[PDB]
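Residue numbers (the numbering used here), protein chains in the order written: chain A, -8 to 49; chain S, 114 to 272; chain U, 36 to 207; chain H, 553 to 603; chain L, 5 to 189; chain P, 1415 to 1636. Even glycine gets a Cβ: it sits at the ideal position worked out from N, Cα and C. Read the structure below first, then the notes.
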Amino acid sequence: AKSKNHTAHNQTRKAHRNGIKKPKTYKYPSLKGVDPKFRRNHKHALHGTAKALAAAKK
Amino acid sequence: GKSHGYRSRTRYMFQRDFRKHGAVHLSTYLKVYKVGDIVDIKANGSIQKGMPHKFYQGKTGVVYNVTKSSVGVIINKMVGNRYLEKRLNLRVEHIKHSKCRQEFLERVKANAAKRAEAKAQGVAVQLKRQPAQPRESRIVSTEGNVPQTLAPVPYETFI
Amino acid sequence: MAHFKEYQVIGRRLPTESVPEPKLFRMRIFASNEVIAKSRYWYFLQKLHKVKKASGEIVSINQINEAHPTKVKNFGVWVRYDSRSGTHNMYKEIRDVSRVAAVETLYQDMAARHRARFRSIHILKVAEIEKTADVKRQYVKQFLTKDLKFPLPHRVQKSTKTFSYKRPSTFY
Amino acid sequence: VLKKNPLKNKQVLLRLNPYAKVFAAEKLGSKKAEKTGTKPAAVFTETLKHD
Amino acid sequence: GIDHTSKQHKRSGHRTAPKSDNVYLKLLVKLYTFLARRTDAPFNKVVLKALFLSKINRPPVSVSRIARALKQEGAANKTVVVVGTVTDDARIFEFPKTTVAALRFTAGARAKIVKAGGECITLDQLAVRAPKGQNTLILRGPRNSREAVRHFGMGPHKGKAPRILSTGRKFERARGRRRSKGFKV
Amino acid sequence: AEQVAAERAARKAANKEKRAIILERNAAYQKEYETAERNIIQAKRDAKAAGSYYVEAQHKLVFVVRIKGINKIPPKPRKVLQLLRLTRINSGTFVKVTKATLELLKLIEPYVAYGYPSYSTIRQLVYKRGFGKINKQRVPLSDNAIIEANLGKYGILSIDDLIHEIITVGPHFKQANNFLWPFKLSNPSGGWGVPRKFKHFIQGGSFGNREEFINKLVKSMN
RNA sequence: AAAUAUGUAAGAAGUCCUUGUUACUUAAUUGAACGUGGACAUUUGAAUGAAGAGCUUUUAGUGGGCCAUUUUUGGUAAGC
RNA sequence: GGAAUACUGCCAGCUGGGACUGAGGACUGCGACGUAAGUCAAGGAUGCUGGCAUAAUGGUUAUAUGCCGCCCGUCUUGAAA
RNA sequence: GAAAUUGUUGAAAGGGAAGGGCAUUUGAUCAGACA
Ligand SMILES: [K+]
Ligand SMILES: [Mg+2]
Ligand SMILES: [Mg+2]
Ligand SMILES: [Mg+2]
Ligand SMILES: [Mg+2]
Ligand SMILES: [Mg+2]
Ligand SMILES: [Mg+2]
Ligand SMILES: [Mg+2]
Ligand SMILES: [Mg+2]
Ligand SMILES: [Mg+2]
Ligand SMILES: [Mg+2]
Ligand SMILES: [Mg+2]
């Protein structure tokens, strides 16, 4: 006995029962994947402006 | 059997246009991309390095990284009951700025000027775009323009 | 389609900055109402000129009453229509009191004799024949003879009651 | 507890819309219109009765 | 028929009442239902909801966690409120005066608060002193600290802990967690 | 606590002053319609008298009724019918006309009938079947206190201002129309006037834009 | 080189000024990325809609399908 | 040149007949009408009259008449088979 | 001393099954409610 092999019937109906939702934008994305040479500097950059505001607000 | 290679079905897609083969023009390389910019993807066929997969042809994302000869674009791709968030590393031939965002930016300067001028003028603004409203009345003259009477024509073969 | 009326319609593209004041085209339609009459106009302007209801505008839609409602005339109606096979032309001959009545018979007649529907017919030109002896057809010409008299044999009598007591006669 | 209709029931009409009291008094619904005798131009009548 | 957009006869998915059959808990709920209606300030809505929460959603608030909330600027003299248990700590060698209001105290936490000249108050005495909820500071224990949520969301490249009884090598450290044994995850 | 004839007189005296405002407004809105309608009929004769042709301002208002029932709808018209609040048969609501909204109606031609409503038709709908939205709750519009409380913010303090705002298509249309729960009409007391509903009006049907004949249709279903 | 179907944008997580932070970048405190301080508010920037928006845990049945309009490959065709 | 009548539309114009329904339970409100005391068709029915007080109405059961009604359980895309 | 199954007595129906659903006629039978 042979089967029925493939279809996509009812697959688009199933999909919309629960939305098809977007993945939520965030203020501040991850620096995973970003140029290492740039990050290396940006770490040291904020340490300075925090210490500048810490010494300012003392 | 079946065949699902990385560039299958791309006979006419990565083709090079008619009378536009050969070297890419220098204004392609002299354009400066920054983190945040919107860009449309369109794969040049001559440059084999840094190429996108056939899916991202015609998609438009945001930049997130910039490095020696490439940019990081970030696209949304749909799969099932969901959208995943996908990170590309394309060379700069296969990319160009979205002119829809550049249209928007210029309107922001227009609207800020209207509000700045409205305060100096004296109250009221109304700065939203209204869609095409239904048209008003008019008196169409017959002065040197009398109506031309028409009727349906009979069938002739001419073959 | 329905009990007809006659309408006048006029329209003239939309106006533009490069070319203000277009040309005004006009037609005479037969319909049951204005809404069908406006539609027929745009149907017949699309068969001739480079226009549609998106690009166009209607200017004036006016009813045309009959000039002499109670006077007998002899109309000559041209018509173009689709059969199952090809698409032909004709010249029928109608006799009535008004133009709108002649069009109301012509549609009823083409449906009986040819199985031509409303969709499949274009009334090209209804024209009143002023003079006598300008009548090619025979079935209108019989009635144009002088001192015309004819009986109505076999008279029937629609009853209210189911049964009847007498037994009926067909005299007149 | 029970929705009464204006249009009919003249009280629940007058609960709303107090002008309905004076609308009836001065009739209005059958206002006599002024009557000028303007004539259509020579072109309009010609273009109407045409081929 | 209607073309229904949403689900019909959907319950709200919120506890209207405590699942407990505790007698004295219901009398606190019978009090704060009255205050939350006939007052105004949202303090009484928040305290009411907290009385319905399950054990897992009312973690214990340490006596140190109260002290670190009072080190804040301005919040020296505010009557701290906790809808749950309050626990002692042996990692602090000083502790301020203050007045705590809660469902429960441990023998050690009550002893540590009174030794520092303070006062432990029940939630019905809090309502009498502060009816609209004034000069108050609500605190909540750390929910995700619980061990059960280590395991939630276990998959590949997730960093989430397997469900496992015995540990040590030869208990899930070979083919799956390293290059040398096939692949890493 | 006196109350009985202290607090009571003040609010009677206060609510007496609202009718004064409601009278002159309706008297003003009464002369606005008729003089506007006279000039539209005058302008037609002046152009005829001179030579020209007058063409009216197009309609900025249509009344739409769902003709088809629930079953067997493709997912694009079915979505629009929900965005125009037409989720059951013989339900209907007003629409402001732009290009955004015409291109909607074109998608739903075969399942609805619509056209250009009059004063009288609106007057009868809003009186007979006038309901409003309050915390969802479909509340009947049997008094003005109900409308002031909800729609005072945007102007509008009596039931005729609601009709005026709908008919002229004012500034606060969106607020005033969305207030009105979609109209639950009956089937038409004279029948549909055709053998088969589901063709276009132009082919002896019901659906699509029948222009000014919607009034006769609505007046029976209401 | 259509029609139908398809990606992105239409603002506060935003726009403009002011001059700080750096081991990155520049011939050059120039740029770059995140900032302090100040200016801009409910016409806050197309329509229509919104029995709320979002998140977590856990577990059942199912994994033989068939039909209809339009597009269609195999086949002379088929309730294939 | 002066009238009339249809056709389409409007009236917060007038008025006659028929059918079904009468939820609710001191008071509270919006209003009308009156110079005032009051009155009202105004947040859902009151008034009057008769006959019967028992198998008279009502319930159950058997039959009769009109139209409807395949044998359950099962596996299956599909069972009255 | 239940049911399947059976006998006698009493009521009923019955032109190639019987049984069921909605409504009423008719026949048998029934409490309540009336103070
Ligand atoms: K027995
Ligand atoms: Mg299978
Ligand atoms: Mg296979
Ligand atoms: Mg290579
Ligand atoms: Mg009838
Ligand atoms: Mg029919
Ligand atoms: Mg399987
Ligand atoms: Mg098969
Ligand atoms: Mg049968
Ligand atoms: Mg089988
Ligand atoms: Mg079976
Ligand atoms: Mg015995």
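### Query
Since residue 263 of chain S and residue 83 of chain U are thought to touch, with beta carbons under 8 Å apart, how far apart are those beta carbons, to the nearest angstrom?
Residue 263 of chain S sits at position 150 when you count from the first residue of the second sequence. Residue 83 of chain U sits at position 48 when you count from the first residue of the third sequence. That pair is a contact at about 6 Å.
#### Entry: Sequence ranges, alpha helix (DSSP H) only - wholly within the segment 1443 to 1519 of chain P, length at least 4
1491 to 1497
### Query
Quick one: what does DSSP say residue 77 of chain U is sitting in, helix, strand or coil?
One-based indexing of the third sequence puts residue 77 of chain U at position 42. In the three-state scheme derived from DSSP, where H, G and I count as helix and E and B as strand, residue 77 of chain U is classed as helix.
### Task
Determine the closest residue to residue 92 of chain L out of L/81, L/11, L/70 and L/83, with distance taken between C-alpha atoms.
Stepping through the fifth sequence from its first residue, residue 92 of chain L is reached at position 88. Nearest C-alpha to residue 92 of chain L: L/70.
### Query
From residue 163 of chain U to residue 38 of chain U, what does the alpha carbon distance come to, in whole angstroms?
Looking up residue 163 of chain U in the third sequence gives position 128. Looking up residue 38 of chain U in the third sequence gives position 3. If you take the alpha carbons of residue 163 of chain U and residue 38 of chain U, they lie about 20 Å apart.
### Task
Starting from the beta carbon of residue 1472 of chain P, find every residue of chain S whose beta carbon is closer than 7 Å, and list them in chain order.
Residue numbering aside, residue 1472 of chain P sits at position 58 when the sixth sequence is read from its first letter. Those within 7 Å of residue 1472 of chain P in chain S are 247 and 248.
### Counterpart residues of residue 95 of chain U in DSSP-defined beta bridges
As a first step, residue 95 of chain U must be located in the third sequence, where it is residue number 60. In DSSP, residue 95 of chain U forms a bridge with U/45.
### Message
Extract the residue ranges of the beta strand (DSSP E) inside the segment 149 to 215 of chain S, only unbroken runs of 3 or more that lie entirely within it.
### Response
151 to 154, 173 to 180, 183 to 191, 196 to 204 and 208 to 210
### Query
Between which two residues does the alpha helix (DSSP H) carrying residue 575 of chain H extend?
Here residue 575 of chain H corresponds to residue number 23 of the fourth sequence, with the count starting at 1. Where residue 575 of chain H is concerned, the enclosing alpha helix (DSSP H) stretches over 572 to 577.
#### Entry: Partners in chain U for residue 267 of chain S, counting only beta-carbon separations shorter than 7 Å
Within the second sequence, numbered from 1, the residue matching residue 267 of chain S stands at position 154. Those are 115, 124 and 159, listed as they occur along chain U.
### Task
Kindly give me the distance between the Cβ atoms of residue 149 of chain U and residue 115 of chain U, rounded to whole angstroms, as I take these residues to be in contact under 8 Å.
Taking the first residue of the third sequence as position 1, residue 149 of chain U is located at position 114. Taking the first residue of the third sequence as position 1, residue 115 of chain U is located at position 80. Wrong, their Cβ atoms sit about 13 Å apart, outside the cutoff.
### Task
Step through the CB atoms of chain U and report whether any lies within less than 7 Å of the CB of residue 1562 of chain P.
Within the sixth sequence, numbered from 1, the residue matching residue 1562 of chain P stands at position 148. Chain U contact via Cβ: absent.
### residue 147 of chain U: first and last residue of the uninterrupted alpha helix (DSSP H) it sits in
For the purposes of this step, residue 147 of chain U is identified with residue 112 of the third sequence, where counting begins at 1. Note, residue 147 of chain U: alpha helix (DSSP H), 134 to 149.
### Where residue 36 of chain U sits in the DSSP three-state scheme
Your numbering for residue 36 of chain U matches position 1 in the third sequence. The three-state reading of DSSP puts residue 36 of chain U in coil, since its state is none of H, G, I, E or B.
### Query
Can you find a CB in chain S that lies within less than 7 Å of the CB of residue 1466 of chain P?
Stepping through the sixth sequence from its first residue, residue 1466 of chain P is reached at position 52. Yes, because at least one Cβ of chain S sits closer than 7 Å to the Cβ of residue 1466 of chain P.
### Query
Does the Cβ of residue 174 of chain S have 16 or more other Cβ atoms within 10 Å, making it buried, or fewer, making it exposed?
Within the second sequence, numbered from 1, the residue matching residue 174 of chain S stands at position 61. Buried: at least 16 other Cβ atoms inside 10 Å.
#### Entry: Alpha-carbon to alpha-carbon, residue 216 of chain S and residue 36 of chain A
On the first sequence, position 45 is the one that residue 36 of chain A refers to. On the second sequence, position 103 is the one that residue 216 of chain S refers to. So the alpha carbons of these two residues sit roughly 35 Å apart.
### Message
Considering just the uninterrupted stretch of the alpha helix (DSSP H) at residue 40 of chain A, what are its terminal residues?
### Response
Here the question's residue 40 of chain A lines up with position 49 in the first sequence. Start and end: 27 to 47.
### Task
Please list the partners that residue 64 of chain U has in chain H, where partner means a Cβ-to-Cβ separation under 8 Å.
Locating residue 64 of chain U in the third sequence gives position 29, counting from the first residue. Within chain H, no residue comes near residue 64 of chain U; the closest Cβ sits about 14 Å away, beyond 8 Å.
### Task
List the endpoints of the continuous beta strand (DSSP E) containing residue 61 of chain U.
For the purposes of this step, residue 61 of chain U is taken as residue 26 along the third sequence, with counting starting at 1. Run containing residue 61 of chain U: 60 to 66, per the beta strand (DSSP E) assignment.
### Query
Who are the Cβ neighbours of residue 1521 of chain P in its own chain at under 8 Å, not counting the five residues just before and after it?
Start at 1 with the first residue of the sixth sequence, and residue 1521 of chain P comes out as number 107. 1490, 1491 and 1494, listed in sequence order.
### Query
So what's residue 1421 of chain P in DSSP terms, helix, strand or just coil?
Translated into positions along the sixth sequence, residue 1421 of chain P becomes position 7. It is helical.
#### Entry: Burial state of residue 184 of chain S (16 or more Cβ within 10 Å)
Indexing the second sequence from 1 puts residue 184 of chain S at position 71. Classification for residue 184 of chain S: buried.
### Query
Which of helix, strand or coil does DSSP assign to residue 134 of chain L?
Position 130 of the fifth sequence, counted from the first residue, corresponds to residue 134 of chain L. Residue state, collapsed to three classes: coil.
### Query
What is the DSSP secondary structure of residue 173 of chain U, counted as helix, strand or coil?
Taking the third sequence and counting its residues from 1, the one referred to as residue 173 of chain U is at position 138. In the structure shown, residue 173 of chain U sits in coil (DSSP, three-state: anything other than H, G, I, E or B).
### Query
What does residue 1463 of chain P reach in chain H if we use C-beta pairs closer than 8 Å?
On the sixth sequence, position 49 is the one that residue 1463 of chain P refers to. By Cβ distance, chain H contributes 590, 591, 592 and 593.
### Query
Would you say residue 90 of chain L and residue 106 of chain L are within 7 Å of each other, going by their C-beta atoms?
Walking along the fifth sequence from the start, residue 90 of chain L turns up at place 86. Walking along the fifth sequence from the start, residue 106 of chain L turns up at place 102. Note that the C-beta distance between residue 90 of chain L and residue 106 of chain L is below 7 Å.
### Query
Across which residues does DSSP place residue 65 of chain L in a beta bridge pair?
The count along the fifth sequence starts at 1 and reaches residue 65 of chain L at position 61. Paired residues: L/90.
### Task
Tell me whether residue 148 of chain L sits in a helix, a strand or coil according to DSSP, three-state version.
By one-based count along the fifth sequence, residue 148 of chain L stands at place 144. Residue 148 of chain L: coil per DSSP, three-state reduction.
### Message
Closer than 9 Å between beta carbons: that is the criterion. Which residues of the segment 252 to 263 of chain S meet it against chain H?
### Response
255, 259, 260 and 262
### Query
Are the C-beta of residue 559 of chain H and some C-beta of chain P separated by less than 7 Å?
Taking the fourth sequence and counting its residues from 1, the one referred to as residue 559 of chain H is at position 7. True, the Cβ-Cβ gap to chain P drops below 7 Å.
### Task
Note down the Cα distance separating residue 5 of chain A from residue -1 of chain A, rounded to an integer number of angstroms.
Counting from one through the first sequence, the residue named residue 5 of chain A turns up at place 14. Counting from one through the first sequence, the residue named residue -1 of chain A turns up at place 8. Cα to Cα, residue 5 of chain A sits roughly 11 Å from residue -1 of chain A.
### N-terminal and C-terminal residue of the alpha helix (DSSP H) that residue 119 of chain L is part of
Taking the fifth sequence and counting its residues from 1, one reaches residue 119 of chain L at position 115. Under the DSSP assignment, residue 119 of chain L falls in the alpha helix (DSSP H) whose first and last residues are 111 to 119.
### Query
First and last residue of the alpha helix (DSSP H) that includes residue 1582 of chain P?
For the purposes of this step, residue 1582 of chain P is taken as residue 168 along the sixth sequence, with counting starting at 1. Following the DSSP letters along the chain, one finds residue 1582 of chain P inside the alpha helix (DSSP H) bounded by residues 1573 to 1582.
### Message
Run through chain U and tell me which residues come within less than 9 Å of residue 1469 of chain P, C-beta to C-beta.
### Response
Here residue 1469 of chain P corresponds to residue number 55 of the sixth sequence, with the count starting at 1. 92, 93, 94 and 95, listed in chain order.
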